[PDB]
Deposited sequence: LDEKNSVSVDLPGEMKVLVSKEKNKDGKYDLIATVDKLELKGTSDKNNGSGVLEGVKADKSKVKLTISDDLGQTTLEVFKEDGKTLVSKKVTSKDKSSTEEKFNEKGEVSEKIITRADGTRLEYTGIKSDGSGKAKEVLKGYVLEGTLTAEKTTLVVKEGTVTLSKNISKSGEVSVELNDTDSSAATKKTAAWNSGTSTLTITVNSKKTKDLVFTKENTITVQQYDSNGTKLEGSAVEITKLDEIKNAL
């Protein structure tokens, strides 16, 4: 199961975190709730879905109405753990995807603002979160790369350079279809920065005259490779 008849009928029991949790179900596959009391007097409730593809572990506040930490794990290793404040709103939200790329939200304020970060393979980005979208900012000097992730899932990337020399000032355009960020300097294309669907970024340079590309795509591994491109 994901996330590592009788008597009056089925009966099922689960031991999690060195604390035995037992419940009763109807079907003969394992779909049912698992109530369980803690030693610290908290309440732990574990749920197994009908198609056995999504667990829902929740922690409750002794009276079992207020929450502590709901962790919703799925069949493709995708876990979405959340922690809750003293008044019911989400304090932290960690979205571990299928590939292991976590997406951390920390210290969320009451107006929908927090300290976000996307954890990729090899590097750890940073940013913030407003109600509209998540914004991931990678700066180097005067160029500030901005990765806008909406709350609906759309990925858009804007670039801003505060340069003044039109020979060295750097612009960038976006094609949501190609998912490529085309950078331009002095009316001459310099490189592409593709954000692959599998939570990775690829750099590929154009030739010195901006006609077509050169070499192959480079899977970024360190954070300084992004800044190197800026």
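Counting from residue 1 of the deposited sequence, the stretches lacking C-alpha coordinates in this chain are 1-10, 15-22, 28.
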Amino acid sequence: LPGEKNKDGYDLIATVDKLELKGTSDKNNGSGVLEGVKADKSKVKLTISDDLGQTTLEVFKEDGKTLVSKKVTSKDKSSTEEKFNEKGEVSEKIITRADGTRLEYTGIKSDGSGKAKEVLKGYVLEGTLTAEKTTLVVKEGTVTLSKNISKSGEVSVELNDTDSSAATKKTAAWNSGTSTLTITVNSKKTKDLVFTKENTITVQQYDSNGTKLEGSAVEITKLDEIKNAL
From here on, numbers count along this sequence of modelled residues.
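According to the PDB record, 25-33 carries the higher mean C-alpha B-factor of the two stretches 177-185 and 25-33. The mean C-alpha temperature factor is higher for 73-81 when 136-144 and 73-81 are set side by side.
Within the selection 68, 201, 39, 172, the deposited Cα B-factor values reach their highest point at 39.
Set against one another, the Cα B-factors of 156, 110, 128, 160 in the record reach their highest point at 110.
The PDB entry assigns residue 51 a C-alpha temperature factor belonging to the highest third of its chain's modelled residues. When the CA B factors of the chain's modelled residues are split into thirds, the value for residue 220 lands in the lowest one.
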